[PDB]
Every structure is written in C-alpha cells, then in structure tokens.
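Have a look below at one chain only, the form deposited in one PDB entry, in structure tokens format.
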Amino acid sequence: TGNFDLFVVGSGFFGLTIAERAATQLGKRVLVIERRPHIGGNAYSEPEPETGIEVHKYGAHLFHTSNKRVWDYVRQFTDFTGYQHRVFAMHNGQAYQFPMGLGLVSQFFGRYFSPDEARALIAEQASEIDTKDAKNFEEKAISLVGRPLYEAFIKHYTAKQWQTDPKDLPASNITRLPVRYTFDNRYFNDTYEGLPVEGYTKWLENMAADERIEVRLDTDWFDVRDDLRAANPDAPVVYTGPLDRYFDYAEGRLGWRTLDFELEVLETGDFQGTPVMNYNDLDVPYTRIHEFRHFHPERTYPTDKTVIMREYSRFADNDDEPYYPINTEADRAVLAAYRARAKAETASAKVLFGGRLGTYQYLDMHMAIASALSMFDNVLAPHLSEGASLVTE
C-alpha cells in the first residue's frame, strides 16, 4: 500500500515519538506497523471490566524525568498528576521503607541512626570494595548499601528478577535506585514526575492522532515489509522490535527476561495500601504486587473492590516477547555483533534501530523518548528533508 514517507516498526513510546515528529514537524506520511493487537508497547493500559479500574497491562509504569525538553514535549499529549512514586519492600513479614535511606536503615537495624551515624555504619559494611572500583552489580550494590542490606533486600529480589549470577549483571542496574542518608523515600530522584491524567493509552493515542499517521495493529513487519517498501522505495525505516530477531538470530540469541502476570479482582476496597509492594524474599514466586487503584484516587473507583496484579519473572524463550535486556558479559559480546549488523542495515537498507528492544538497552519511557527526539532532530529529519545520509558526519 501507499503512499508513505516513513515506516515505523513498533508503536511504543520510541516508535510513536518518531511517528509524531515526522508527521507534525515535516508533514510526512507515516505508517506504523504493530504486531500486537494494541498500541503502546509495554506502556499500554486498559480498564479492568469488573471494577473499571485502569490497569497497566505489563505492570506499573511510572513516568519521571529531569529532562525539561522531554517534559515540555510529553505535556503536549497529556496532563500529569502530582503523583510521586514510593515503593515498600516486604522482607521476613515486615514492610520496609525503601530504597536506601534513614527509614530503611532504622527499621532494619532496629533503632534510629542519624545521617552521620548511618553513613559510618554503611561505610563499614561496604568496606570490602569502593564504589568507583566496582565492576559488577553485586560489587556496586554492596559498595552503596552494605552487605547486610544487600543480602536482605537486593540479593534475593535480584535472583527472582534475573535468575542470573549478580557478579555477571550490569553495575548500572543498581544505580537506577536512589541512595540516600535522609528520610526521603522517593523511588526516583528526578525533577518531574506524575501519572498521565487520562491514562497511558490515551497519551499514546494522542501521539498517534495526526491525520498523516496510520497505525496497523496485528501486523508483523517481517510479513509485510517487502511489498510495503517496494511501493514506497524512498521511505526509510525505524525499527523498535527486538534487535536479535530482526536478523533472524544470526549472531546468536541475546539473553532477555520476560514477565507473566496474574490479575485478580478482590472483594476488598484496598489490598495493600500502596501502589507497588516489592517482595524481596525467596519464599514467594512473584517479585512484586501492583494495586492500580492507588494510581488514580481522583477517579470514580469502587470502594469495596480492587484489582491487583502479581508479577512473575522468567527467561524469554523463543516463544516469548522480551521485556528486559540482561546484558551479561556474554550478551554484550553478542550485542557487539548485532550492533555491527544494525549499522550495516542502516547503510544498506536505510533502517534505523531504536528503543529498549531495538538497541538491547535498559531504557525507561523518558529515556526512550529523549533518544527518539535526538534521532529525529540529528539523523532522521535531515535524511527526510534534505536527503542527508543516515551515515552521519
């Protein structure tokens, strides 16, 4: 079919940022090809039929950023609530303040530690390694929170989530979490955050709203690309699906994690009194439980029912959609081969690669969007509007 100026594979925040930018800022005709039956990638939301409560289909999505560029951009498509994310950690039958801060320290060690007292305590317990010298997840984690807290709140959660030796996981995984010596327990440390007032799916649909954008759901790129590109040969492609799958796993399989969920409607108005409860112990199969009513107190939610979602992690087999890049040293070697294939495909077939799946990177929503805005301004727009090379100067 035609006519299109640009193809985008995948309708997550990366793909839709590209589509919206090309359509509105250049007046380009965009075709977005989505294999799932819905838009939005893993950020897709939908109502639970019984309660009418909006659920994040793939587990809680919390938006946060310190990038004002991004904040201004996304506010063109949605309003945000004043929500600030806080997570509690269940360990040995007790709910703990989390992440690292004077709350967690005083609870776990059984009495109040002042900022200076806590700094001294953790410094002793972390002394087996300095943070600068840390070379993997386990080392970095211990260097920041100390061995006792590492063993209680990090080690077993990480084992459930990754089922991978912590000495072979990336150090940057732990630096996602704030590390504090105050009573501050905000899960993020960014300037801006909140939840979309009308929900994620509305926000995503608003990004795809321009008349120059066409979205085709339930369509696999690899089934339709040859005839699509033949009819529109000038159009480049932005691919946001799994990187290894694009090349038919020719350089080996990257390790990914996937998730399963159990959604349950309960006959109580409030199951756990907080949106997300982490379960840090090996004795329960799920990593955390989401209770979505707490994300939108402003809505007309029932007061005698609630929807919760248990989250279970496992390896992405060949049958599964991947959710998390694992990035072991072995993975990173396979990734290097795929990055080489990707750059070749960009030069030859005018296919760009982006997003969590397209680049095998642990990307939050705001980082995917920043990345797409950059790709559009610096690489794609000059190609589309002056015929500049996708192999940039």
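Just so we're on the same page, rigid core means the largest C-alpha set that superposes within 1.5 Å between forms. Note that residue numbering follows the sequence shown and begins at 1.
One more form of this protein exists, namely the form deposited in another entry; it is left out here, but the text below deals with it.
- Looking at CA displacements between this form and the one not shown with the core superposed, a shift of 2 Å or more is confined, among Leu121, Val224, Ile308, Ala235, to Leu121.
- With the core held fixed between this form and the one not shown, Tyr249 has its Cα displaced by under 2 Å.
- Once you line up the core between this form and the one not shown, the Cα of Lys167 ends up 2 Å or more from where it was.
- Comparing the forms between this form and the one not shown on their rigid core, the Cα displacement of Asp281 reaches 2 Å or more.
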